[PDB]
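Trainee: an experimental structure, sequence included, is below.
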Amino acid sequence: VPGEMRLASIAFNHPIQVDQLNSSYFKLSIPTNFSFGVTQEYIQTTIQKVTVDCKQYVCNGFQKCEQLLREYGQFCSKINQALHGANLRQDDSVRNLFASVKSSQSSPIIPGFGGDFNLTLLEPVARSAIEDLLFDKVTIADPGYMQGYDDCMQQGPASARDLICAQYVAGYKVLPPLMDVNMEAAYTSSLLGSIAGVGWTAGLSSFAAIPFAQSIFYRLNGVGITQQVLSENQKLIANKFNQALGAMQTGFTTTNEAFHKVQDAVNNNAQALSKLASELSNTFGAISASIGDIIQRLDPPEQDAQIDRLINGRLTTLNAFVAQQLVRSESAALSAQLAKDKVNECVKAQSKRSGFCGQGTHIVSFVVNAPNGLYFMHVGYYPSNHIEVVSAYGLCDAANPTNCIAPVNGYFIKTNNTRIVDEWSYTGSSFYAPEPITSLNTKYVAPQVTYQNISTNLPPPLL
Amino acid sequence: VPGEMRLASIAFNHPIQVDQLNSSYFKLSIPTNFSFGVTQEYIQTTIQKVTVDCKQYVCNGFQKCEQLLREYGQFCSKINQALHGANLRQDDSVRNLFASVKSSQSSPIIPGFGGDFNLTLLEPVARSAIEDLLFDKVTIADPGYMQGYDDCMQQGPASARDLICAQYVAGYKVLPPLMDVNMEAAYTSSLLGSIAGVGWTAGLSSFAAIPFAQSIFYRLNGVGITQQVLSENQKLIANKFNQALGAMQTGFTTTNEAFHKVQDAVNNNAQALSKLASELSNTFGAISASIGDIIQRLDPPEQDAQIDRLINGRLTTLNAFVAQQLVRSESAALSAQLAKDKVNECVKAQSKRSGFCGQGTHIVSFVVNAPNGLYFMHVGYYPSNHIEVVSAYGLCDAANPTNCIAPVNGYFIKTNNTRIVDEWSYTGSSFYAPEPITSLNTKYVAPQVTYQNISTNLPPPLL
Amino acid sequence: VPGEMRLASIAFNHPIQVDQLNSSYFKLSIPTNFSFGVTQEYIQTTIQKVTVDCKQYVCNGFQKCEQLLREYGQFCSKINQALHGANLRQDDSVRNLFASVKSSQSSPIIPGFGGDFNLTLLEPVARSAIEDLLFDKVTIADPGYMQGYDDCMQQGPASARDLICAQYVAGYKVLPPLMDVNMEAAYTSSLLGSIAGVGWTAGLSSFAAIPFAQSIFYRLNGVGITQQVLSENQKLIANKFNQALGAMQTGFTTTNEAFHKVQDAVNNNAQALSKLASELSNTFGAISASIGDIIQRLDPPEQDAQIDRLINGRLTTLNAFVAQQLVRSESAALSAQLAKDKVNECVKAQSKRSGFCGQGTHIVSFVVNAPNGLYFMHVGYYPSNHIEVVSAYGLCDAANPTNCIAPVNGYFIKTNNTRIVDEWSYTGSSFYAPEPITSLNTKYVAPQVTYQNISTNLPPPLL
Amino acid sequence: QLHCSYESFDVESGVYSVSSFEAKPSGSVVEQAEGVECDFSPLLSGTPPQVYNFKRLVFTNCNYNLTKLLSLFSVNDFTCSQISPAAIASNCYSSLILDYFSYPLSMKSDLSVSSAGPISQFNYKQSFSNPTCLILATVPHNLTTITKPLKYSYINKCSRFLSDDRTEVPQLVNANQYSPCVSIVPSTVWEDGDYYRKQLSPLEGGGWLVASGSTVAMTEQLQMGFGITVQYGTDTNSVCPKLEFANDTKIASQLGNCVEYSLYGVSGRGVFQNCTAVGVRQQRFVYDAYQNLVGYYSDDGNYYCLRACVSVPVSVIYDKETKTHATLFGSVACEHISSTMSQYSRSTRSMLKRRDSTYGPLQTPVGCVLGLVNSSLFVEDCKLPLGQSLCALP
């Protein structure tokens, strides 16, 4: 048996401290290890679209309502107006998305795509392996659509307790989604095939079709890692990367909040309809919620009185429901806009913006068709094992100070490596790795007092 | 006569396929044609501001209400609070917009502005030619303001059916907009005159006043097109561009969804007031909606009873109305923030962000004062006639591999042009156009196995 | 005594006009002075979280309600559901914020931090000096938390009129905030210590710890100011900067709208609860709002009738309240997302995006823990005293036109300075300051007809 | 309907939902009875009681014809609450309950369900949980087995004196129950204003019970009052009207459409099939979380699963430029769609028949439709989208 809960305090993740130092040099914190990692999100893009037969919802053909609802016929016209427009708004956003999704050109996707990487995620040309796993993981009650209503109809398993079929009672109509899942897959495939080129000049009209791993290296050169290292450790890099990929198979849990968000998106839509369903049974203090019953039980003056009460409660529910849906619809539209933006910058290209994408800066990302929305994965580089090293603000020839140089995308590190005879060394900004200081690692700059007074040996330039 | 509708399926726009290839070369998809084009949008920035005389709306001076509304006098104080603050929120956003709109300096706008381009869009120094056309196209019911109420007053055409005047019945007050249309035009003119410099270093404090067409070329050099081509085809470029401009005259249709959005913005504001107007006639199951009538028709105990019912329904309408307006007001505020951001990046400068602006990457854009908001146009370059060509990953001297080079903003294309004796050629990344490989088209890079092993003739550098 | 108000018109801030000119030269507007300045904002991030004992709020243990509320027990279950989830949403956003706030490494903050600048703003290692001033300026009614309720209890000053304690009547529970103010300060301190490096290559994993003033200069080199000027005027720059800092002490006024926004954020939360409090006294046309009273005054049939009326009104209030809170909660969540983005780009780094941050382009920015949100300050450079000068489109050797050059981050200015023998001079784009034209101020470009035909003396290159 | 709903003679092109088909439910079946007569023979003799001496009849499992019962009296007041006077006869119930007493037509003034008179204060209260049909009547001279009380009488006081002999507290009669004072009160009130008192023990909480009554002169023909109420149960609804099932089709096994029904007075309409009984048997009717019947554990040993009733959702696809349209029934499938229909949605669908007088239904992936050509072409922009990759090509 468990005992008492434990009273405790929240830990503070204390960041490594670095001290600013006087004069021509300073400390630099630089990683000596890193891990690949993946950040993940679910962006809902749509609300399940519905409408209702706004007469039968109130009275199922009852003759009193055939006259009583003459008084309020315009009410349901307004109910329909709001819902109908909202449903169109959802449709509009779908088309807007796919307009941005479409590319002028793409690679074919093959088995063995991704080169050194397994890419077990790939669609089994279906949905992506991940998408199908996710979809099965979700506790979805599938809408009927087809044959739908013929399972409502007593064709075998009358144990079908689904309120999915019960729409015929309420007059509910769950409306169709606006794209064929196969076309969605086609679109997604074109997004996958839009990778490489990612950068490579503008990258927008040009299509390069270039080494998957080297496209990563290219992005890692943008990250600040020298190509010498990238090539030399290529197999290890591939391993670390593919381990990060393999970890995705454990992502189908509610421990992944985005996965849980998908679950709740389903819950939200389902709940709204279930609420309306409950309201059909809601006697409003009337003799009964059933009109046919109160007809049998009442003289027609009282039938009218009770039916009036029933109608008012029923219509009030409908009204409030629609209002909520209008809000939901708008929220989804805005959420979809955000997703579209994320595809444009965080998926179609590497992003240096930070904040969004990965939290390991950012390299490649992916997006998939989650139910009612999109699910993104962002690969990044997570630095570790930081060490402090000495760096120079810059270097100059003390014999001819008009010449000075400054490291490019990296630093001038005090030499601590046995291969380098030079007093100073260079490292790429993203990772600790000593290199010779050469012309491609530096640029000419104006002199500054913090630049080293080097009177001895410079190779970029000789002087 | 028409027959049956046709059952059909949705077309899929299949993107051009490109295959990744083994070793030191690959396919590149590159346009051999393009068209200018314009993307367009309407961003609403404001809600029509209104208030109401929240007493006369309920009872028009009727003596029973003079006492009955003592009970609920604080209700309308709260009604006023909400509306008043909301109206201020609208005003706040207007001032915020113009703070961003203002520039420290601008060009004067002249006839013949735009150089080689007609710019028939220009204001006839009024509103821009486009703005005035748009404004006339919209089926606007003009607010009175001045003389307004003296057309309410029977001064000639009593056939003025406008509910615009009917505000005097309800106590409605359509409130004034916060800027003089002339000042709006002045602001817009300063935005136009803020063009050039667009880029040209930071571009923010400096003001360059530089060739309109060359500013385009400058942006097209940023797009990835060599200046040799830009100069040589300048007349043709100008033609294509001006054709894209001329097409704007057909934009005043609801086929332009943004135009339709403007129409609906008007509809939204108009509808809200029309709803309230209808409610004045809404007998609430009372002897009548008219208090004066029920006074004539009732003993004063019953007059009170009926008036109570009337008041409750009338106040309920007011309450709900305000709540909706609060929502609308906030939505507009946020929409205005988006517009402001779009002016800052998508209008004041070229944007390389993609996603937004044009869908042909992006060059110059414009914004105009649509009713209740802003309407933007974004010019871009839409590539066409793509061909696949051979490209090298890079080149090195095989006799001295420490030297290698990589194309800058372009590619190393296998020579297919009769003017080039060299095995390899260069093209700008944005468009197919062969050029010699020279120092300004390349940069020094570290060697890679995919770089060509050139032992023969290099001109950048000689070796 | 004051007289009449004055009828007047709105001034138009007329921007400086610049004319585009024919051929190889043009006007440039360039500042000869500037001032530092600070833009400021308050972003609310949270709603004060509350819940209520949704039974006692209606009836304080009254026996009729012990049965009558059996009928609607599920109502308050739904009340709780909505509130509870909303409260969690608030908590979620807090954790999301701090995830982005955390840095891998930071400087320690010391007295004398900021070097040449006083930084009187610093926390007295508490809250930042500014934060504590602000917090005292706000007319806050502190939540109890601890000992809270023991000041509700008659322990001394029964003159404690605070509705903060009155929660025990209504069953209100103001819920706790999710971070210890000390930890918030720690987080904020780590943000402060994340300054320098700001840029300096990627700046994301690397931590430089470099001269505070030179980090400013570095950012100002990015602004477009030459280092020669930055060094030479360093003391004056420091003075101007510190004057801009000193001006912050006058910012604790409602003339600062952001300060006023904080005030209103407090008002919003307070008002919502005060409204509910008023509703406890709201007799609903009942014999009385007090159940105990109407029990004493009624036979039990009538007691039931009156209590039913009371319950319905009380529950209606609760329902509407929750709905409003749901809206508020969502709005705050979105607002928090915006703040997070602003920290990522506008605070952690210099931003060149314009629009946001400062309106003097942008250098360093800061953020502090305002109540219920964040308050940012953005330092920038506000240009002044603009003059028009002559600039060349570029220069070429007329004896060998294949060579041409173009200024980098600056312009080719006609010489007007007595130290320069050369016909042309160079200035940094951000500010008027003549310099010699040298290799680091220019780059090799293709020839253009607008480039000067220089056949005489070039130093970058000799020809 | 669309034009009218938007109050225009030209509704904008679009896709719009319209009213659903009712699905023409089939003629009814019942599961009512078997039972025995609800014999009312106790009413046929003796003196009916004073109002505080009520005699009560309760019926279960039985069948009746109350109009034959009513023929035995001359009713001088028939009124009801929560039910029509006709419906109380027509409806099946779980119980039929009748209270009867002597009651003149002078005092006949104080009987109503809302009466505040001493009759309701101390002698009778009627609950509003059940419908109740009240009768006042007189006995015909040929009902010689009926006898009459010497006077008609009632309790006009029933209160308890406090043990301090000053304060006093009334004991009002409970609904459908005898007041406690009947324990001290005589079977009839012998004289008007007779009163009786009982000292109460400390076991009784002390004080004195104090009661009194009043009388009304006897009438030549006896006057009578009847309170009649009914209870509706679940599987206990076994008091019904005598069946008219003779000369009718076999019931309830049709199955069939969602047949209208009354099963032991449980009424509605719905689809049934023989299917796996679920816990627990002998409750007959088992319902879901919304109190909708799940199914019926029938007397024929078959559990009948209720599959409710069906409807057909339907919508119009309208192209106002050509002034033409198509329609959708969708998931229902073309098995239930035909060239004519009567279920129904609209009295006519001639708007489709404008061309579809010559055409059948088409089956599609969304489901059955009218007014469409199977072109199977590919469209760049549907204009009136059908979802998925479906399209209403213009």
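Mentor: Cool, the structure landed. Numbering: from 1, shown residues only, chains lettered A, B, ... in the order given.
Trainee: closest residue of the stretch 151-300 of chain A to chain C?
Mentor: residue A:224 (4.9 Å; CB to the nearest CB). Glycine gets a C-beta too; all of them are placed from N, C-alpha and C.
Trainee: now do the contacts for that residue.
Mentor: Residue A:224 makes contact with A:409-410, A:428-431, C:201-202, C:206, according to CB atoms under 8 Å, 6 or more residues apart in numbering or on different chains.
Trainee: longest helix in the chain, please.
Mentor: Reading this off chain A. helix A:300-342 (DSSP state H).
Trainee: looking at chain D here, not the other one
Mentor: Per DSSP H, chain D has its longest helix at helix D:350-356.
Trainee: which residue ranges form the helices in the stretch 1-150 of chain A?
Mentor: Secondary structure of the stretch 1-150 of chain A (DSSP state H, counting those that start in this stretch): helices located at A:65-68, A:73-101, A:129-137, A:149-152.
Trainee: please apply the same query to the stretch 101-250 of chain D.
Mentor: Using DSSP H, counting those that start in this stretch, helices in the stretch 101-250 of chain D cover D:118.
Trainee: of the helices of the stretch 1-150 of chain A, which approaches residue D:163 most closely?
Mentor: helix A:65-68 (60.0 Å; CB to CB).
Trainee: just confirm yes or no for the longest helix of chain A near chain B.
Mentor: Yes. Using CB under 8 Å from any CB of the partner chain, helix A:300-342 reaches chain B at A:330, A:340-341.
Trainee: just name the closest of those residues to residue A:231, please.
Mentor: For these, the minimum distance to residue A:231 (CB to CB) is 34.8 Å, reached by residue A:341.
Trainee: that closest one reaches residue B:341, doesn't it?
Mentor: No. Applying CB atoms under 8 Å as the test, residue A:341 and residue B:341 come out as separate, 11.8 Å apart.
Trainee: what residues sit buried inside stretch A:228-238?
Mentor: By neighbour count on 16 or more other CB atoms under 10 Å in any protein chain shown, the buried set for stretch A:228-238 is A:229-230, A:237.
Trainee: should've said stretch A:387-404
Mentor: A:388-397, A:403-404.
Trainee: now swap in stretch D:241-251 and tell me
Mentor: residue D:241.
Trainee: now it, how far from the centre of its chain.
Mentor: 21 Å (CA atoms, centre = their mean, to the nearest Å).
Trainee: one more: stretch A:401-409?
Mentor: 42 Å.
Trainee: quick check: bridge partners of residue D:224?
Mentor: Residue D:224 has these beta-bridge partners by DSSP bridges: residue D:102, residue D:137.
Trainee: can I assume it is in contact with residue D:140?
Mentor: No. Using CB under 8 Å, residue D:224 makes no contact with residue D:140, being 11.3 Å away.
Trainee: any shared contact partners between these two?
Mentor: Joint contacts of residue D:224 and residue D:140 (CB under 8 Å, 6+ apart) are residue D:73.
Trainee: which one of those two has more residues nearby?
Mentor: For residue D:224 versus residue D:140, the count of surrounding residues by other CB atoms under 10 Å in any protein chain shown is larger for residue D:224: 22 against 14.
Trainee: contact partners for the more buried one?
Mentor: Residue D:224 makes contact with D:48, D:73, D:100-103, D:135-139, according to CB under 8 Å, 6+ apart.
Trainee: other SSEs contacting the longest helix of chain A?
Mentor: Packed against helix A:300-342, as judged by 3 or more CB pairs under 8 Å, 6 or more residues apart in numbering or on different chains; DSSP states H and E, are the following elements: strand A:25-44, helix A:65-68, helix A:73-101, helix A:257-279, helix A:291-297, strand A:373-392.
Trainee: so, in contact with chain B or not, the helix or strand just after that helix?
Mentor: Downstream of helix A:300-342, the next assigned helix or strand under DSSP states H and E is strand A:365-368. No. Strand A:365-368 lies apart from chain B when judged by CB under 8 Å from any CB; the minimum separation is 14.1 Å.
Trainee: contact partners of strand A:365-368?
Mentor: A:121, A:127-128, A:130-131, A:134, A:188, A:191-192, A:342-343, A:346-347, A:357-358, A:374-379.
Trainee: in stretch D:134-141, what's buried?
Mentor: D:134-139.
Trainee: the host helix or strand of residue A:214 - contacts with which helices or strands?
Mentor: Per DSSP H and E: residue A:214 is located in helix A:212-223. Taking 3+ CB pairs under 8 Å, 6+ apart as contact, the helices and strands that helix A:212-223 lies on are helix A:227-232, helix A:234-246.
Trainee: mind checking the ones you listed for the one nearest to residue A:252?
Mentor: Minimum separation from residue A:252 across the helices and strands packed on helix A:212-223 (CB to CB) falls at helix A:234-246, 13.5 Å.
Trainee: quick check, that closest one touching chain B?
Mentor: No. Residues of helix A:234-246 contacting chain B under CB under 8 Å from any CB: none, with a closest distance of 11.4 Å.
Trainee: so what touches the longest helix of chain D?
Mentor: B:3-4, D:324-327, D:339, D:370-371.
Trainee: what's the most distant pair in the residues you listed?
Mentor: So, those by CB to CB: farthest apart are D:324 and D:339, at 18.8 Å.
Trainee: out of the two, which sits in the busier spot?
Mentor: Neighbour count, other CB under 10 Å: between residue D:324 and residue D:339, residue D:324 has more, with 20 against 12.
Trainee: which residues pair with that one across the strands?
Mentor: Beta-bridge partners of residue D:324, as defined by DSSP bridges: residue D:319.
Trainee: for chain A, see how far away the residue in the stretch 51-200 of chain D that chain B sits nearest to is.
Mentor: Nearest residue of the stretch 51-200 of chain D to chain B (CB to the nearest CB) works out as residue D:114 at 23.0 Å. Plainly put, residue D:114 is 16 Å away from chain A if you go by CB to the nearest CB, to the nearest Å.
Trainee: just residue D:223 next, same as before
Mentor: According to CB to the nearest CB, residue D:223 stands 26 Å off from chain A.
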